[PDB]
Amino acid sequence: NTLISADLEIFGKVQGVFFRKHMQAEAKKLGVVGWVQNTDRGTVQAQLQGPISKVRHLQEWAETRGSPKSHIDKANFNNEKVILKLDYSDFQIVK
């Protein structure tokens with residue numbers, strides 16, 4: 001039904017801990033597409049697209065679960081918009 005696109009950035013101990021791999025794995029199970037990236041500021045950034053329910057599940061994962069060794073201090077969500085079709089075919093880990 002309703003598709004959304006939404007940005008996020010996660011802060012804390014979030015690099016070097018398989019965060020990108022685990023986020024990608026969860027997104028693929030959920031049917032969420034887009035990308036995730038390590039920033040040069042020690043944070044993780046992503047864009048998520050998909051059915052709102054599935055995006056919400058992945059956003060919850062990013063904010064409260066993460067990978068086993070990650071510690072999440074904060075999660076920022078913004079630029080959410082309703083979209084009519086997906087701009088991505090799957091969820092990529094990007095450099």
# chains A, B, ... in the order shown; residues from 1 in each chain; ligands from 1
$ residues_around --residues "residue 14 in chain A" --least-positions-apart "3" --cutoff "12 Å" --atoms "only C-alpha atoms" --output "PDB file with C-alpha atoms, in the first residue's frame"
ATOM      1  CA  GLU A   9      21.629   8.727  10.810  1.00  0.00           C
ATOM      2  CA  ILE A  10      22.725   6.653  13.782  1.00  0.00           C
ATOM      3  CA  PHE A  11      25.264   7.825  16.362  1.00  0.00           C
ATOM      4  CA  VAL A  17      30.677  -3.744  14.302  1.00  0.00           C
ATOM      5  CA  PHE A  18      28.908  -5.207  11.238  1.00  0.00           C
ATOM      6  CA  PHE A  19      26.166  -2.553  11.488  1.00  0.00           C
ATOM      7  CA  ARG A  20      25.905  -2.173   7.684  1.00  0.00           C
ATOM      8  CA  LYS A  21      25.791  -5.937   7.106  1.00  0.00           C
ATOM      9  CA  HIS A  22      23.115  -6.453   9.769  1.00  0.00           C
ATOM     10  CA  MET A  23      21.035  -3.492   8.623  1.00  0.00           C
ATOM     11  CA  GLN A  37      26.856   4.046   4.435  1.00  0.00           C
ATOM     12  CA  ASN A  38      29.584   4.727   6.997  1.00  0.00           C
ATOM     13  CA  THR A  39      30.358   8.448   7.268  1.00  0.00           C
ATOM     14  CA  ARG A  41      32.233  11.319  11.234  1.00  0.00           C
ATOM     15  CA  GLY A  42      31.863   7.901  12.851  1.00  0.00           C
ATOM     16  CA  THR A  43      28.115   7.709  12.174  1.00  0.00           C
ATOM     17  CA  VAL A  44      25.918   5.547   9.961  1.00  0.00           C
ATOM     18  CA  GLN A  45      23.663   7.116   7.319  1.00  0.00           C
ATOM     19  CA  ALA A  62      18.288   0.944  13.613  1.00  0.00           C
ATOM     20  CA  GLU A  63      17.376   2.934  16.705  1.00  0.00           C
ATOM     21  CA  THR A  64      17.138   0.215  19.357  1.00  0.00           C
ATOM     22  CA  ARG A  65      18.683  -3.056  18.110  1.00  0.00           C
ATOM     23  CA  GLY A  66      21.579  -2.579  15.671  1.00  0.00           C
ATOM     24  CA  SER A  67      24.273  -5.239  15.476  1.00  0.00           C
ATOM     25  CA  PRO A  68      25.303  -7.167  18.612  1.00  0.00           C
ATOM     26  CA  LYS A  69      28.475  -5.133  19.311  1.00  0.00           C
ATOM     27  CA  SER A  70      27.013  -1.753  18.331  1.00  0.00           C
ATOM     28  CA  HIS A  71      25.927   0.749  20.935  1.00  0.00           C
ATOM     29  CA  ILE A  72      23.402   3.309  19.714  1.00  0.00           C
ATOM     30  CA  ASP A  73      23.545   6.724  21.390  1.00  0.00           C
ATOM     31  CA  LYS A  74      21.008   8.394  19.130  1.00  0.00           C
ATOM     32  CA  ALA A  75      19.050   7.954  15.912  1.00  0.00           C
TER      33      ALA A  75
END
$ select_by_dssp --residues "range 14-63 of chain A" --states "strand (DSSP E)" --output "list in words"
residues 33, 34, 35, 36, 37, 38, 44, 45, 46, 47, 48, 49, 50 and 51 of chain A
$ closest_residue --among "A:80, A:36, A:6, A:85" --to "residue 24 in chain A" --atoms "only C-alpha atoms"
A:36
$ residues_around --residues "range 49-58 of chain A" --least-positions-apart "2" --cutoff "6 Å" --atoms "only C-alpha atoms" --output "ChimeraX atom specification"
/A:2-5,30,32-34,60-61
$ write_last_selection --atoms "N, CA and C atoms" --output "CSV table (one decimal), in the first residue's frame"
chain,number,residue,atom,x,y,z
A,2,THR,N,0.8,2.0,1.1
A,2,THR,CA,1.6,3.3,1.2
A,2,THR,C,3.1,3.1,1.2
A,3,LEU,N,3.8,3.7,0.2
A,3,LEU,CA,5.2,3.6,0.2
A,3,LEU,C,5.8,4.9,0.7
A,4,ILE,N,6.9,4.8,1.5
A,4,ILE,CA,7.6,6.0,1.9
A,4,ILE,C,9.1,6.0,1.7
A,5,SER,N,9.7,7.1,1.7
A,5,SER,CA,11.1,7.2,1.6
A,5,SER,C,11.5,8.1,2.9
A,30,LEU,N,12.8,-7.6,5.4
A,30,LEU,CA,11.6,-6.8,5.5
A,30,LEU,C,11.1,-6.3,4.1
A,32,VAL,N,12.7,-3.8,2.5
A,32,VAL,CA,13.0,-2.4,2.4
A,32,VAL,C,14.2,-2.2,1.5
A,33,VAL,N,14.2,-1.2,0.6
A,33,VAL,CA,15.3,-0.9,-0.3
A,33,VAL,C,15.9,0.4,0.0
A,34,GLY,N,17.0,0.7,-0.7
A,34,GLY,CA,17.8,1.9,-0.4
A,34,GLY,C,19.3,1.6,-0.2
A,60,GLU,N,13.0,1.0,13.7
A,60,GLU,CA,13.0,0.5,15.0
A,60,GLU,C,14.3,-0.3,15.3
A,61,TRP,N,14.6,-1.2,14.3
A,61,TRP,CA,15.9,-1.9,14.4
A,61,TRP,C,17.1,-1.0,14.5
$ atom_distance --atom1 "CA of residue 46 in chain A" --atom2 "CA of residue 8 in chain A"
5.3 Å
$ atom_distance --atom1 "CA of residue 82 in chain A" --atom2 "CA of residue 94 in chain A"
23.7 Å
$ select_by_dssp --residues "chain A" --states "helix (DSSP H, G or I)" --output "JSON, numbers by chain"
{"A": [19, 20, 21, 22, 23, 24, 25, 26, 27, 28, 29, 30, 52, 53, 54, 55, 56, 57, 58, 59, 60, 61, 62, 63, 64, 65]}
$ write_last_selection --atoms "C-alpha atoms" --output "CSV table (one decimal), in the first residue's frame"
chain,number,residue,atom,x,y,z
A,19,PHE,CA,26.2,-2.6,11.5
A,20,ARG,CA,25.9,-2.2,7.7
A,21,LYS,CA,25.8,-5.9,7.1
A,22,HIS,CA,23.1,-6.5,9.8
A,23,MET,CA,21.0,-3.5,8.6
A,24,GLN,CA,21.2,-4.8,5.1
A,25,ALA,CA,20.1,-8.3,6.2
A,26,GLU,CA,17.2,-6.9,8.1
A,27,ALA,CA,16.1,-4.6,5.2
A,28,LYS,CA,16.2,-7.6,2.8
A,29,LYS,CA,14.0,-9.7,5.1
A,30,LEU,CA,11.6,-6.8,5.5
A,52,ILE,CA,5.5,2.2,5.6
A,53,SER,CA,5.1,-0.8,8.0
A,54,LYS,CA,8.4,-2.4,6.8
A,55,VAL,CA,10.3,0.9,6.9
A,56,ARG,CA,9.0,1.5,10.5
A,57,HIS,CA,10.3,-2.0,11.5
A,58,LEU,CA,13.7,-1.2,10.1
A,59,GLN,CA,13.8,2.2,11.7
A,60,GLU,CA,13.0,0.5,15.0
A,61,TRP,CA,15.9,-1.9,14.4
A,62,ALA,CA,18.3,0.9,13.6
A,63,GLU,CA,17.4,2.9,16.7
A,64,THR,CA,17.1,0.2,19.4
A,65,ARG,CA,18.7,-3.1,18.1
$ atom_distance --atom1 "CA of residue 16 in chain A" --atom2 "CA of residue 78 in chain A"
24.6 Å
